[PDB]
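# Everything below, folded, please.
(4 chains, ligands or ions: 9)
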Amino acid sequence: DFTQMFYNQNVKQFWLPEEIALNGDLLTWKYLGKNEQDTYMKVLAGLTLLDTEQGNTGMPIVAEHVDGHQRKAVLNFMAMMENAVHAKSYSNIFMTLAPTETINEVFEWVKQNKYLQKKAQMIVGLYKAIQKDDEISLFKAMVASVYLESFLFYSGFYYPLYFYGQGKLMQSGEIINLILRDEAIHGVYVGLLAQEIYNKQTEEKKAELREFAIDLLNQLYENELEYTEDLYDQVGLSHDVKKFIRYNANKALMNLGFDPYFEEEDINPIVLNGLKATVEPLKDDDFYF
Amino acid sequence: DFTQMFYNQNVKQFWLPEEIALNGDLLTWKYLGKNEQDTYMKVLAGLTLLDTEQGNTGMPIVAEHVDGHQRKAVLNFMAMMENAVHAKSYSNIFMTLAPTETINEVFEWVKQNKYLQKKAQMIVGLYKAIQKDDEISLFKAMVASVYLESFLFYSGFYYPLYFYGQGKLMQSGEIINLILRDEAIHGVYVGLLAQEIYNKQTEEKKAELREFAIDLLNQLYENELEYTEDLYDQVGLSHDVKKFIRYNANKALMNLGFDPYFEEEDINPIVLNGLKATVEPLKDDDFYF
Amino acid sequence: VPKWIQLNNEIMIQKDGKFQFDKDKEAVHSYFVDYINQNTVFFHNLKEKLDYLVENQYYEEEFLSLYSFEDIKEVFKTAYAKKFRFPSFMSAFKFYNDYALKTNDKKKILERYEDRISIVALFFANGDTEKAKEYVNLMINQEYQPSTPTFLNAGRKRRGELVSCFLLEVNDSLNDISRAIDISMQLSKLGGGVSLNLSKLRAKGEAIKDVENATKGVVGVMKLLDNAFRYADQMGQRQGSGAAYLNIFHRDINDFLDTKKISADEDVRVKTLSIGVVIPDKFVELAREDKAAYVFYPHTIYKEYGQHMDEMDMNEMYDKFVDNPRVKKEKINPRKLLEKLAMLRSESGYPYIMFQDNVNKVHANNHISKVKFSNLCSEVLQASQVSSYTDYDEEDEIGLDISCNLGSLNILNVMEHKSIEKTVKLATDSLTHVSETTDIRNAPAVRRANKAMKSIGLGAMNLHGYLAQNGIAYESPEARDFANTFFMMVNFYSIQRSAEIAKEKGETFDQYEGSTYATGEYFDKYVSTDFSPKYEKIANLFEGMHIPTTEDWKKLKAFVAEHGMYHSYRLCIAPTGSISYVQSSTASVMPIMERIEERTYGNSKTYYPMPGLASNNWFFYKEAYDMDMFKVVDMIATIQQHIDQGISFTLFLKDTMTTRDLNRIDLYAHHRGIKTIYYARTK
Amino acid sequence: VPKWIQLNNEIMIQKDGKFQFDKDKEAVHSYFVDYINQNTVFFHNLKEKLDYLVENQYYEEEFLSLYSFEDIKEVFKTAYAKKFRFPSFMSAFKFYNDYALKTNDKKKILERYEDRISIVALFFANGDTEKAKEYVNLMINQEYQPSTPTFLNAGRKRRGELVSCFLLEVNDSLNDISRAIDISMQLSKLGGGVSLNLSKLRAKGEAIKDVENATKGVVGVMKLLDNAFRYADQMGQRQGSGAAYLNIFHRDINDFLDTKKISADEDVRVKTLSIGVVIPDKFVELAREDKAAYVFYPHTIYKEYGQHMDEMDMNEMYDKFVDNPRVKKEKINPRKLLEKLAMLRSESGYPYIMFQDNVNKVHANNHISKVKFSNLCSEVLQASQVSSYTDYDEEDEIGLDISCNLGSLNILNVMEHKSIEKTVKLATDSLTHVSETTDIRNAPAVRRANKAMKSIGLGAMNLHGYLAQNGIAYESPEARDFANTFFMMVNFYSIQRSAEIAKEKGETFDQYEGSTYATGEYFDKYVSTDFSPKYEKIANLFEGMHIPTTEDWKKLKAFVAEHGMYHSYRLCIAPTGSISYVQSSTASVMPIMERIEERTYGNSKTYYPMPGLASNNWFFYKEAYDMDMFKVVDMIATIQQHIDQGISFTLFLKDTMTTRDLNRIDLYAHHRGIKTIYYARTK
Ligand SMILES: Cc1cn([C@H]2C[C@H](O)[C@@H](COP(=O)(O)OP(=O)(O)OP(=O)(O)O)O2)c(=O)[nH]c1=O
Ligand SMILES: Nc1nc2c(ncn2[C@H]2C[C@H](O)[C@@H](COP(=O)(O)OP(=O)(O)O)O2)c(=O)[nH]1
Ligand SMILES: Nc1nc2c(ncn2[C@H]2C[C@H](O)[C@@H](COP(=O)(O)OP(=O)(O)O)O2)c(=O)[nH]1
Ligand SMILES: [Mg+2]
Ligand SMILES: [Mg+2]
Ligand SMILES: [Mn+2]
Ligand SMILES: [Mn+2]
Ligand SMILES: [Mn+2]
Ligand SMILES: [Mn+2]
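Numbers count the residues shown, from 1 in each chain, chains lettered A, B, ... in the order given. Ligands and ions are numbered 1, 2, ... in the order given. Here you go:
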């Protein structure tokens, strides 16, 4: 009921890194404090590292196990955006703002970071556990994928959106907004594929899959809180970032056809400013009564 | 030395079938004989099948086994083109020119056609035989992919090109030329990756790989002859198409770094005839003259 | 979660193996006591409330000035003397969310149910205090429900039109097409659904003044109308809804149907434009015998005969059209077209089917015109005349465009009060008042036809609720017996009230003298056949109520011959979508879709059992999908024989039903005299 | 392959290192003697030909009846006495494919070039034999070329209008929007291009009678107009072409521009509707200072001040709008908007740019109204007054909608014949006759403004052809000197002819007394500054032709003050697309795009060298893409100072230049007094 519509929306959102000139960001970057520059670098590396997993494994593995030519095509398009567009865009932002040695060090740090690794490996673990012709394991991976697309990225997106809403780092903020807009539709689409599997299950199996999804969400959420304090306490933003995480967790759940888990909260206004039954012929005697 | 330039070429060649309005072909299509329309539908259906498998299976699987994020980005982009752009374009052509029943019938015809099933069996079999960290199985699949890109498509491409060259079906022909332009660069790129693996081998191993490539080509060739006769005898063109596929077989071999195998022949001259701005911010001094 | 929402949700909690139906009374009581009484603006006296409402641009001072304040106070006393209680939470919720007057910021509530009913009655009476009290008694007893436009807007300063169904004829000219687009946007701006007849427009590939193959056909006009309705979206409040009707013998019929396919191209597909197909008996005869049929280019017929193709009788003119070499046509397969219609209705519920000869064989105003198309809800079937909109400097030739005023009798409340005659006559008076007070300044044909025809639509609702609460199955012959008797009585008293109004005003509707009412041909089946109930159980339902006899019908025929008839059209059974909840009634004469209605409002889900549902009558509330559509056709045809206009007839289909089954239902409806088919709803 | 297109393809075969330009003479000779003379219907005498054409509905009897057949014979002899020969294959091919009369089945050829010219001349003269002979001499010498509508339809029975450019003002009402859609379809049906001003329409999120956020903005009207133009496409041979104009200070400006983005959705993007942006000097000043600009909600301004925003001076009311709390405004970055304009023009060529204060600082009829928008070709710049289309029952207040008749002088042939005065006066007479014989009976404001303003557009072409064939570079100061003198002389003689027509007919254009012609302020730079050529090379080009001095301009100013002016507007330089081939001339006053133009017609490929192209002037025919756009702006601004209306100014951009370069060109054009910018063509 939905793949051709998503095909259309995906292809009409096509864009390339070269379209946004990045150099003019240096005119606001130079005015940020060390903590602001540090947080931005770390957040950016976090997003980059997670998005690479999605391009190399997450999207291609789901495309492999999903049946249907049109679904495979949409999924291929999404994988292309991760690898050919998003990855180049993140690299471009980095190369503009930091010298080569600084980029290498930030990636070394974020690569060793406990909270980034915990979530990255949790997601990758579920992708690696998909078994051929087992729709339960596929569903679990789709849940992981939706959580990445619609939830885990947002502790990171917060900061570029926060600057973007203030008139700072506008070129890279525009790029991030385009990336985020792609991840939103990716999350919704994979969510619909997960609901299709979920709806084929018994009531007991459904309850079991719901428990899986909520348990996974809880593990990721508790790690996000720690990740958030680790990055944002030094710039005084953690309280507001936490509200943004919960709001996006609720969107991820709704993508999977589940009820919101967290109470409704208002979001930081600066970040908001940034954001066929069966054909049968008539065989006569049907005109006579 | 080459991936970056292929990346740039692939992304700059990006297109969608909807860019080309097809209603202009309606009259030249109406005017073709029943034999001509039948061959044309079947030819494009055979192409659709090849692109379906190249997009669903061939390109993603090669992407999985090839090392390097940039090489993977190129291969992922090529995969997207296969199933999200190329395979879909044929349906745009079908939906314009043909009634639903004729469309349904031709897709049923691909499922039961023995030559089309044989060629799919052979090519996809090699894709699915790739073993992780086994460069020889990967080479064999890359040879199969080059043969699909640079040889197998051409029994199909002949007919749209033959019409385009006579000023007939020129909108459909424009789509086909764009597809052909893509496959030419896809065949070169995969050819270069295959040569990388071949060049790592002992002379004895190389001799075996040439045997594999030539045996596979001959087996595919013999099947393609029967397919060509089956499609083109009713329009009187089988001998001409055969010359064309031999011509392109030599190009496939060359893409693999091998000498031409078939002798040169005169191709129908009709078929030969068938072949954003950068954003810069405004300065203050730009407003005074 | 609100307390009333929790209480309403306890209905599904099964206690002792039964639904807790009594929780909805607790739910509505909690809803009122906790939300409505808190959010209802209260005034020290009724005078202060009325002054606040008129001075703050909420009411109209014109209609309220017709009464002394003592009379208005007594009318409000009569409304509150009944101590009306909403039986279910959904009734009160629907009223206070859709019809109750709210502040300009939509924060508080100015109008209760009694206040709204009093204002509507005072507007209806137009200066008569006793008449206003009678209307108050009629509506607070919930015997008669004015339509959503009338009930919502009557007596309001910032109101839309009291009419929401309009039917426009479109002539084959660019001037007329542009005028049709303009009038459609103007009427959609007022909030009314607009139906357009596209049968006069020449097909695709027709000549425009010696330039052959230049016309885009009816689909270009369809795209224009779809964008016009999308633009005129009722100030961004409710999506603009319009309908397009095409004769099945129109050449563009296949293009017309292709606009509703799921695979339709974006340059062909229309989104906000419903489609209805008009089918003469000739098409059904051709499909029955499997003879290959012909669709005709309308402009060739107009050039050859000087008359539009849809202005002529296809039964006599089809052979002449086919044998005429100067009339252009293409062969079609009528059975394949019928199968395509059934497939489209299965996929999307479209098109509406209007059986042209079923409508016109009993049409009382064929002298004025034949009925060529229906409205957006497929129940308005009236004569129309196409307007000739000329150039700007020239004078236009204004025709007749259909627009009738809707009202619904509550069959359960009318039957329990034994007041068929009084309710029918008062509803006729109110609909007449709404017709007279309606003046539309941008649709000249609609205004002219409203002034001339004086047509009204008096519908009925709660048929299934009344039957199930009386232990009668909807498909039972006793249900059809009750429908026959009840709607014969409704027709009798509506004709009597119309003739009484004609006698009082000394005027009939325009061109009444040519109607079957004037010649007495209308009353033949009523002066020849007795429509009293044939079952003792049904005859007991009408106890204490005089059922008109053959002699009564002869007296009515003599009265109509002597004094005339004020309304060209009186009765049409509209779907009655949202007013059914407020009245605690089942929608229209249709059977219920679900026994308990599960709906989500905001973030909270609500449950609505059908009115009167309990353990004793659970299986008399048979769902429509579980029913035999042949028996539903039989019921609607029993009702249709007493309704001068059509009935909104929705087909309720199972997923297992094939295209052949839908076609069989359509052909049996055609055989049984069904005039229109509204929707194909699949479970 | 045809012999003539085979000969025409031998131009590109380089013999001895040079293009074989003489093959095109052989190409056209073969074209004639192998296709045209064979397919030409030949009659025994001209009387039989004229009788055949009149009887079979090819010509109009009324205009041919004003001459005795001896006079018509004399006119046809005058046409054929010249023995005109097409110099290139493209000229004859374009004439006999687009403008030559053909039989009803498009099989044979009825009109030669001389026949068409004689018919157009007899139509222009309106009974005068000597005037008809003068027109024949003017057109057969190719000194003046009537526009494509006039040249194609003059004297034909089944014809469109002789005017194809129309400008409509849309008022902020649904009645006015419906009338705009109707008039747009009526004028597109006639074959004309329609431009609409959408600035008076209130923005998205404005109230419609006290319900807020109800208006869909100008984009909904844009979609309505786009579908109206798609519907009225005249068989689709030339699909309906429309233009929409919005002031840059309209709140909907960003959504107005987003309709042309490649990534636009199908529910927003318009395809058949060109877009133009009107930029007051205030916006350029705000962007120059990098200040924060504000776009405004038009309905708030209209409510607060009683006038539309575009009817007010933004350079004097912008601060008042910003400071007014009751005016609703949205903050924008003017430099970001300029960059978006440049990017949109780079990616699509849209929007058209109108520098409003450049138009209105020299506008002669600001008392009637200021120029608020341009036409579809972005060169018609006339005062307009919006109409007030009311309800059906009410009378409409008809305003002034712009339309002018187009006609081009051939600069090369006019300069060769030393006949600037006679050509300008005869062309003015012909355009006046076309204006007088035009009667649009479905566009009331177009008709009223045609009767009142009597505006004509007299353009020129072959400027680059004349300069390149005279050894003058387009960017050279000598070229601008020639353009200055030539167009000053054209303005002088057009004003003289307008004053003489006013004296003869005893009437001026409506509200002439308030114009700058009446006050004499228009002639200030002409009575103060001498426009004689400053270069001896240019001065010899005008040898034998009197150049008006300051004394001559003073005498003309006195003559105008004592007799008045008949035309409110006289000169506008249109693109002159297809008539440039027939006249063997470069298109308009713009530089050539290609030295040898390669085209494919059907399945045939043919090449068109620029008129007069050879090896001795190969490098004087510099392509427009290879030259500095600043010097082209200088040339157009030099011409613009003598043109009362605008000039269709296409920007020819290379792929290398960024959006900053396009913005710099736009800002230099605004600085140099350029009124409008037509297209951003990229190679
Ligand atoms: C009726 C209608 C109007 N409009 C817009 C277009 C018009 O420019 C604008 C004016 O509509 P009007 O036709 O002038 O509506 P009105 O006169 O009742 O409202 P007002 O008193 O404010 O004048 O509203 C819509 O966008 N959608 C609609 O459905
Ligand atoms: N007081 C009051 N009465 C209202 C209001 N809305 C409707 N009514 C009805 C209730 C009564 O039937 C009628 C008269 O009310 P009232 O003015 O208080 O009358 P009275 O009882 O003082 O004579 O008006 C309202 O807001 N206030
Ligand atoms: N004979 C003839 N003349 C035509 C035709 N179309 C245009 N003409 C022009 C040619 C002459 O200039 C003019 C008079 O031609 P004619 O009637 O043959 O006269 P004449 O040659 O006897 O003086 O009309 C045409 O079809 N036939
Ligand atoms: Mg007509
Ligand atoms: Mg208004
Ligand atoms: Mn990504
Ligand atoms: Mn993603
Ligand atoms: Mn491909
Ligand atoms: Mn490929």
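# all contacts plus neighbour counts: C-alpha atoms, from now on.
Will do.
# State the number of residues packed around the closest residue to chain B within the stretch 301-450 of chain C.
Residue of the stretch 301-450 of chain C nearest chain B, by CA to the nearest CA: residue C:340 (13.4 Å). Number of residues near residue C:340 (other CA atoms under 10 Å in any protein chain shown) recorded here: 19.
# again, but for residue A:92
Neighbour tally, residue A:92, other CA under 10 Å: 17.
# That one: helix or strand, and which one exactly?
Using DSSP states H and E, the element containing residue A:92 is helix A:87-97.
# Give me the residues contacting that helix.
Helix A:87-97 is touched from outside by A:17, A:22-23, A:25-26, A:29, A:41, A:44, A:48, A:51-52, A:103, A:172, A:175, with contacts defined as CA atoms under 8 Å, 6 or more residues apart in numbering or on different chains.
# one more time with 6 Å, if that's ok
The list of residues contacting helix A:87-97 from outside it, by CA atoms under 6 Å, 6 or more residues apart in numbering or on different chains, reads residue A:17.
# and if you look at stretch A:153-166?
A:43, A:170, A:173, A:245, A:270-271, A:273-274.
# Now do the same contact list for the residue in the stretch 401-550 of chain C that chain D sits nearest to.
When scored by CA to the nearest CA, the stretch 401-550 of chain C has residue C:442 as its residue closest to chain D, at 5.3 Å. With contact set as CA under 6 Å, 6+ apart, residue C:442 has these partners: D:391-392.
# switch to 10 Å and redo it
Residue C:442 makes contacts with C:179, C:182-187, D:175, D:390-394, as judged by CA atoms under 10 Å, 6 or more residues apart in numbering or on different chains.
# What's the PyMOL line that selects buried ones from these?
Provided next is the PyMOL selection string for whichever of the contacts of residue C:442 are buried by 16 or more other CA atoms under 10 Å in any protein chain shown:
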select buried, (chain C and resi 179+182+183+184+185+186+187) or (chain D and resi 175+390+391)
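# Quick check: the residue of the stretch 401-550 of chain C closest to chain D vs residue C:399, distance?
Distance, residue C:442 to residue C:399, using CA to CA, to the nearest Å: 14 Å.
# now residue A:111
79 Å.
# In the strand or helix carrying residue C:416, which residues are buried?
Element membership for residue C:416, per DSSP H and E: helix C:411-417. Residues of helix C:411-417 classed as buried under the neighbour-count rule (16+ other CA under 10 Å) are C:411-415.
# Which SSE is immediately downstream of that helix?
Remark: after helix C:411-417, the chain's next helix or strand is helix C:420-437, criterion DSSP H and E.
# Spatially nearest residue to residue C:595 (excluding sequence neighbours)?
residue C:610 (5.7 Å; CA to CA, 6 or more residues apart in numbering or on different chains).
# In this structure the residue of the stretch 301-450 of chain C closest to chain B contacts residue C:260, no?
No - if you go by CA atoms under 10 Å, residue C:340 and residue C:260 don't touch, sitting 11.2 Å apart.
# The residue in chain A positioned nearest to chain D - how many residues pack around it?
Closest residue of chain A to chain D, CA to the nearest CA: residue A:12 (6.0 Å). Residue A:12 sits with 14 neighbouring residues when counted by other CA under 10 Å.
# Give me the phi and psi for the spatially closest residue to it that is not a sequence neighbour.
In space, and not counting its chain neighbours, residue A:12 is closest to residue D:263: 6.0 Å by CA to CA, 6+ apart. Note on residue D:263: its backbone torsions stand at phi -80, psi 20 [degrees, to the nearest 10].
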